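*Asks:* Just dropping this structure here.
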Amino acid sequence: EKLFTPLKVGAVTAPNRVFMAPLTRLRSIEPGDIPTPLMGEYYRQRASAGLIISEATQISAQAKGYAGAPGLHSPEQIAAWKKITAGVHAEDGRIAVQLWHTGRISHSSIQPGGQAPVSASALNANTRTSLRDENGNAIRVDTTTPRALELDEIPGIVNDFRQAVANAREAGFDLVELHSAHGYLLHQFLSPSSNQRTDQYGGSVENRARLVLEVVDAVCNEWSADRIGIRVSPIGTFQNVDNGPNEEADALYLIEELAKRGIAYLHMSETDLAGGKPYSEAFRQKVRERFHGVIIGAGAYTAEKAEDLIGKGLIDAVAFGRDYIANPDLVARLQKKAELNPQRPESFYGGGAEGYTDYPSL
Ligand SMILES: Cc1cc2nc3c(=O)[nH]c(=O)nc-3n(C[C@H](O)[C@H](O)[C@H](O)COP(=O)(O)O)c2cc1C
Ligand SMILES: O=[N+]([O-])/C=C/c1ccc(O)cc1
């Protein structure tokens, strides 16, 4: 078994390769999109993870697409996250913040000024996001048609990611994970399906990857390359965003570019909850020979699959999502071959302590 051996992940050393995937739980305070002590307790309970990757967190107010998702742009958010990371560190854990802009997976009612959300192009996501009703409960609502960003708005987006990374470093996070997956803003630019621009940010794969690479360069300069990870979902379809007609070649282009920056890790989200075709071993080999940081695999993994791929030299770590919702001590359970707590999906999104901090350890 290799799952319980250490791994250098850029600037930090994980004691095991069982990571907690980023999980939106929609329990932040509104107004202000403020993280809470309850959230702090949830993360503290999971501090034995080799690395905790936080729920997706807004880089700016404009970034918001879900009611109850936290930000990392305001003083009050910074102050609240400081307490949370301190708690994780007091339990000898490590925590990365996943930073997003939701782009078109959003709703005008939660945007600044009540305006349409922004994207690469003015194309509706044709999916739903999660808002809150008058009683504060999560509700699924159709996404608002976005406004295409003007060319002169692009530098501001890059700066928002940079600023959020400055704030993250101050807030005590050990690493940052850029959310370049799942049909959110960075992926909206990457994918031909959502990007019909005819300027330097659309068309060719070079142009489609331009924004994400500008963001990577800006955040490496703000902090250090060994503090930066990125999550991609570059094969298949996620929330109606496919990866275009040349998905493998386009993915390898992006990955070779990322490798040049010497970033800490590449986190590949391989499938959504409905599943689909597995990654080919040939594709995994092509990724591995191009990227010289840590590779994290995710998407309906088992410990046995993680061991197999780690043993084959193709990935370095695995991120578990739903098993981490339900098992604060997932590391110990996998080490001991113990049963896993029964998941309660009705309390994944919104609410309070129930279905959040009440799953027991062994
Ligand atoms: C409730 C829930 C929230 C999620 N939130 C995020 C998120 O904030 N960021 C992200 O990149 N993926 C998110 N995902 C995807 C998970 O990180 C993970 O990739 C997915 O659950 C598949 O892995 P699993 O089979 O181990 O759960 C979420 C998944 C679930 C079930
Ligand atoms: O259902 N939700 O409210 C959120 C889901 C979600 C958020 C981020 C992500 O990368 C995937 C799913």
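*Asks:* The stretch 295-357: which GluC sites (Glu not before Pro) are DSSP loop and have at most 13 other beta-carbon atoms within 10 angstrom?
*Replies:* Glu339, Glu354
*Asks:* Using the 2.2 N^0.38 Å rule of thumb for compact globular proteins, work out how the chain stacks up: its C-alpha Rg over that value, please.
*Replies:* 0.92
*Asks:* Over the stretch 1-129, what is the relative contact order in whole percent, taking alpha-carbon pairs under 8 Å and six or more residues apart?
*Replies:* Once divided by the residue count of the stretch 1-129, the mean separation gives 24 percent.
*Asks:* Please find the FRET efficiency linking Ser361 to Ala166, where r is the Cβ-Cβ separation and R0 is fixed at 30 Å, and quote it to the nearest 0.05.
*Replies:* In this case the efficiency is close to 0.25.
*Asks:* Just want to confirm a number: the relative contact order over the chain, from Cα pairs under 8 angstrom separated by 6+ residues, in percent.
*Replies:* About 17 percent, as a whole number.
*Asks:* May I ask what percent, to the nearest 5, of DSSP beta bridges between residues of the chain are antiparallel?
*Replies:* Of those bridges, close to 25 percent are antiparallel.
*Asks:* Efficiency by 1/(1 + (r/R0)^6): what FRET value for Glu281 and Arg128, r their Cβ-Cβ distance, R0 = 41 Å, to the nearest 0.05?
*Replies:* My answer for the efficiency is 0.70.
*Asks:* Mind running the shape call on the stretch 1-46? Use the C-alpha gyration tensor, a ≥ b ≥ c as the square roots of the eigenvalues: rounded below 1.5 for a/c, prolate if a/b tops b/c, oblate otherwise.
*Replies:* Taking the square roots of the gyration eigenvalues as a ≥ b ≥ c, the stretch 1-46 is prolate.
*Asks:* May I ask you to order 112-119, 21-28 by the average number of other C-beta atoms within 10 Å around their residues, highest value first?
*Replies:* Sorting 112-119, 21-28 by mean packing, highest first, produces 21-28, 112-119.
*Asks:* State, as an integer percentage, the relative contact order of the stretch 19-79 based on alpha-carbon contacts under 8 Å between residues 6 or more apart.
*Replies:* In percent, rounded to a whole number, it is 44.
*Asks:* Give me the percent of DSSP beta bridges within the stretch 88-191 that run antiparallel, rounded to the nearest 5.
*Replies:* 45
*Asks:* Count the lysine pairs in the chain whose Cα atoms lie under 18 Å apart, taking only pairs 8 or more positions apart in sequence or on different chains.
*Replies:* Here the count comes out as 10.
*Asks:* What does the helix-only formula give at 222 nm for the chain: each DSSP H stretch with n ≥ 4 adding -39500 (n - 2.57), the total divided by the residues, and the result rounded to the nearest 500 deg cm²/dmol?
*Replies:* -9000 deg cm²/dmol
As a convention, Cβ positions derive from the backbone with ideal geometry for all residues, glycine included, and neighbour counts pool all protein chains shown. None of the figures in this text is laboratory data; all of them are computed from the coordinates on show.
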